[PDB]
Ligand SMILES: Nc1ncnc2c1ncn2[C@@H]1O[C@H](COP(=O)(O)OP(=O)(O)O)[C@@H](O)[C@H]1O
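Presented as structure tokens, the chain that follows is alone, the form solved without the ligand.
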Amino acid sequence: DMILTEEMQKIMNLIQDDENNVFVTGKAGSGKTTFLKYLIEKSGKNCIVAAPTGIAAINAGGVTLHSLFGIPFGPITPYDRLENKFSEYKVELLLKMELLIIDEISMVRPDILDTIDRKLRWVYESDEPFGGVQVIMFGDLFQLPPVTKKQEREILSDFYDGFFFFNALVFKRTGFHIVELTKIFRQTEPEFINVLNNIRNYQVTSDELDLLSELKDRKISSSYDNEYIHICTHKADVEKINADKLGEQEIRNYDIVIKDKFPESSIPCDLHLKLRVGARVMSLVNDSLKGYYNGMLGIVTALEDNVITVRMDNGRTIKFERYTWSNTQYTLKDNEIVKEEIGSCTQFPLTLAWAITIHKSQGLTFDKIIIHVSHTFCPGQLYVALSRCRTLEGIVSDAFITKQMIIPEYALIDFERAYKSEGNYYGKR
């Protein structure tokens, strides 16, 4: 499958030198997911992939940071006492890890990175950052920030100049290169790219504000029988829409199947998938052979015990069977890091898709979207919502988009401009 770009090769060139840490970033559709898999195989190193959330871990074929390093969920200051209780086997593992890959890095709080630094220095009995382990970080820099609890904000604000990963104190003692994957190759047409970038950076023109007001359409935005997906801020709103459209007649239910050990928060699919013929659905996974991708939309045309038949918007009928997600953990075999499965969950990789939250839609793109506007958007939120459509022409809004909704996240903007202006590098050296 995978197209190797000059940017990807630049990352692989950088990684040759054990002393180079790297941040791999880029928008949805720029090949981060596939390139992550590639990088692991071609690294020639004992690699562990970790992520801040269970779903991200599952999908990257790795483990949560919390599981791996025994880190609690809540905020830890650099001087707080650390539970340094690793099993013997965990110590052996971490001492063989040459390369740590952290996926979804923008969802990693800076204290977490500092706790990882501290624990690895403890394990390696070393003063070098991260115990001398090479670190690669992956993620869309402009993925929507995790919601900060006011107590977290209280705790961490004393030490950190911001609530992003790059604010970690360890970056006073080490640093990293940045390479942005900028291909995507089909998100492409000039007016739209410029609009999105200007929204991201809070420099929209009057003409662009006019462009945005033209997205309002009461008729389309109030219909649930077009091929438009409704993009909402809140989970409850989405649940109400999907439930109302589903109805209560001729509903089939399919329960998730759990085998052995599976964390609650790693479950990436519906627990109880309720469907009817005619239901609007989205694929949750990529399958080359059957020909569907994550985010692909369609209509349920049959419901059987072991097969759900769907007519995709591209007109093709696909037989969906249950998919198995494996919960793996890393171990050692003959001096190498390998994975072993310790549990799994099995479910049809489909979910109702009349509506989707802005959060669950991250990393996806659609042909036709309805943005449900809010007067309480967060920084970056409008940007992320609009970037869920492949074209400007495919977007409608339920109310007029105004400059009030165009809220920049300057911490992120300024970070990008910082590393770009300093040789695509951030931190010490």
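In this text, the rigid core denotes the largest set of C-alpha atoms whose superposition between the two forms falls within 1.5 Å. Only residues modelled in both forms are compared. Counting begins at 1, following the sequence as shown.
- Relative to its counterpart among 398-406 and 60-68, 398-406 has the higher mean temperature factor, C-alpha atoms as listed in the PDB entry.
- Stretches 266-274 and 310-318 differ in mean C-alpha B factor, with the higher average recorded for 310-318.
- Among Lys90, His177, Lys240, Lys119, the highest C-alpha B-factor in the deposited entry belongs to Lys240.
- Taking only the listed residues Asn253, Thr351, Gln151, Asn327, the entry reports the highest CA temperature factor at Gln151.
- In the deposited entry, the Cα temperature factor of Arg200 sits in the bottom third of values across the chain's modelled residues.
- When the modelled residues of the chain are ordered by their C-alpha B factor, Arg186 lands in the highest third.
- Among all modelled residues in this chain, the alpha-carbon of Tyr38 has a temperature factor (C-alpha) in the middle third.
- Among the modelled residues of the chain, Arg218 sits in the highest third by CA temperature factor in this PDB entry.
- Per-chain ranking of the deposited C-alpha B factor places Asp114 in the lowest third.
Quick note: we don't show the form solved in complex with the ligand, though the next part is all about it.
- Each of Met2, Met8 and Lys27 comes within 4.5 Å of the ligand in the entry with it bound, counting any heavy atom.
- Partner proximity in the entry with it bound, defined as non-hydrogen atoms within 4.5 angstroms of the ligand, places exactly one of 46-54, 63-71, 27-35, 370-378 at the interface: 27-35.
- A heavy atom within 4.5 Å of the ligand in the entry with it bound is found for exactly one of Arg81, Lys149, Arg186, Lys219: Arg186.
- For the set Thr317, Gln249, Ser87, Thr188, a Cα shift of at least 2 angstroms between the shown form and the other one, after rigid core superposition, holds for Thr188 and for no other residue.
- Note: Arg186-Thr317 Cα separation is 3 Å or more shorter in the entry with it bound than here.
- When the two forms are fitted on their rigid core, the residues between the shown form and the other one that move as a run of three or more, each C-alpha shifted by 2 Å or more, fall solely in 185-191.
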